[PDB]
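Here we start with a single chain on its own, the form deposited in one PDB entry, put down as structure tokens.
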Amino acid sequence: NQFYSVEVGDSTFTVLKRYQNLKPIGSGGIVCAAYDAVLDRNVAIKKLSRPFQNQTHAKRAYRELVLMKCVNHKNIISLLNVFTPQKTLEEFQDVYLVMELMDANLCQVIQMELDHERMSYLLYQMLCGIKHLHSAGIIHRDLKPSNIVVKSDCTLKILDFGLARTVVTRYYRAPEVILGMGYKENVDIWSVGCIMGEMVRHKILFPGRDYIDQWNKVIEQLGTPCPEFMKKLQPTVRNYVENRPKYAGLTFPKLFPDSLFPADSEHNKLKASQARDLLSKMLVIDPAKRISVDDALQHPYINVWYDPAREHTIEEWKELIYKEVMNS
């Protein structure tokens, strides 16, 4: 065989022989770290089991495999390999995706104290990869720290492409997503802001069981929004939103007090006021008054790094995915 099988928990990994010493990693698809004998480096390998098995898993796999092909930027995932060990379409079950092994995801980086050089630099790279997607027509709309990974040198990559045009973690989705609104590119600034605020506060900013709950955590930290905002709502969401129990909401100093920041030197004191300025501009309900990607990249906190630089059947999904895999 070109391949070999190995038990890793309950699933079997069956992979190119070039992949050795599989170790289960991260939160799960099952992903294993492995040594690539051929490239002589470490990789992470994800097993998709029968991705074509329902229209949801299938649309997203298909979509993400087509989009990876396209895209090419250091802040955005690239596959080193895509393979299946099954030899025919009729036999086809599993797709394996191989990428460079990184050091940690951003959920773990969040738990740490980070200085301003590292926090601005992570945020800078997130904004570079978002610019890049938007350049290729992709508006992510579901950025979240579990899909973002980091190296020890603080280099960052975003690993997914978000929603299409059609327990899942909803805490980082923009009001325009939460509310059915219509959106533009700066929808993803709102997710950068949730992430930025949780690196500062070390706790999820807008939690809840459902969107109801999430909305309430939002308006009561930030205040009920207003007029121009509402009329871009559909009358029935406008109705639930307009008859919501009201908040004045907190200013950003109360929301993000100094005690959270490095504040020992004059450099740090300044950096902390810059950081709060950015937060204040990213975590803005109405996307009309929310900062864009370009302007965020020009923000003084950020710019120190600046560098110019259909519906298918199962059977139908399987052939499409199979073909992307084989490239045919």
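Rigid core: the largest C-alpha set superposing within 1.5 Å between the two forms. One-based numbering along the sequence shown.
In the comparison with other entries of the same protein, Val218 is given coordinates in all of those covering both sides of it, so it never reaches the one-third threshold. Judged by the one-third criterion across other entries of this protein, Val167, though modelled here, is missing from at least a third of those that model both its neighbours.
Where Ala309 is followed by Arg310 in the displayed chain, the model omits 10 or more of the deposited residues that sit between the two. Deposited sequence between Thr166 and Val167: 10 or more residues lack coordinates. The mean C-alpha temperature factor is higher for 257-265 when 257-265 and 39-47 are set side by side.
Looking at 237-245 and 143-151 together, the entry lists the larger mean B-factor for 237-245, computed on C-alpha atoms. Per the PDB entry, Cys226 shows the highest C-alpha temperature factor of the residues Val82, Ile195, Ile76, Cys226. Within the group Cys128, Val98, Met199, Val71, the record's highest C-alpha temperature factor is found at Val71. Ranked by Cα temperature factor within the chain, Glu220 sits in the highest third according to the deposited record. Ranked by C-alpha B-factor against the other modelled residues of its chain, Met181 falls in the highest third. Sort the modelled residues of the chain by CA B factor and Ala288 lands in the middle third. The entry lists a Cα temperature factor for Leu16 that places it in the lowest third of the chain's modelled residues. The PDB entry assigns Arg170 a C-alpha temperature factor belonging to the middle third of its chain's modelled residues.
The following text describes the form deposited with a partner chain bound, which does not appear among the structures shown.
Of the candidates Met230, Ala164, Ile212, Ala104, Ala104 is the one whose heavy atoms come within 4.5 Å of the partner chain in the deposited bound form; the others do not. The contact residue chosen from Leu114, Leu79, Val71, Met181 relative to the partner chain in the deposited bound form is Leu114, the criterion being a non-hydrogen atom within 4.5 angstroms. Heavy atoms within 4.5 Å of the partner chain in the deposited bound form map, among the stretches 116-124, 184-192, 218-226, 234-242, onto 116-124 alone. Interface residue remark: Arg201 is not counted as part of the site for the partner chain in the deposited bound form, having no heavy atom within 4.5 Å. Within 4.5 Å of some heavy atom of the partner chain in the deposited bound form lies at least one heavy atom of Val109. Although the partner is absent from this view, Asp153 contacts the partner chain in the deposited bound form, with a non-hydrogen atom inside 4.5 angstroms. Residue contact check for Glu315: none of its heavy atoms lie within 4.5 Å of the partner chain in the deposited bound form. Annotation: the position in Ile45, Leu283, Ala275, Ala296 displaced by at least 2 Å at CA between the shown form and the other one, with the core superposed, corresponds to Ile45. Fitting the two forms on the rigid core leaves the C-alpha of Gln93 displaced by at least 2 angstroms between the shown form and the other one.
Core-superposed comparison between the shown form and the other one: the CA of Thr224 stays below a 2 Å shift. After superposing the rigid core, the C-alpha of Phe256 moves by less than 2 Å between the shown form and the other one.
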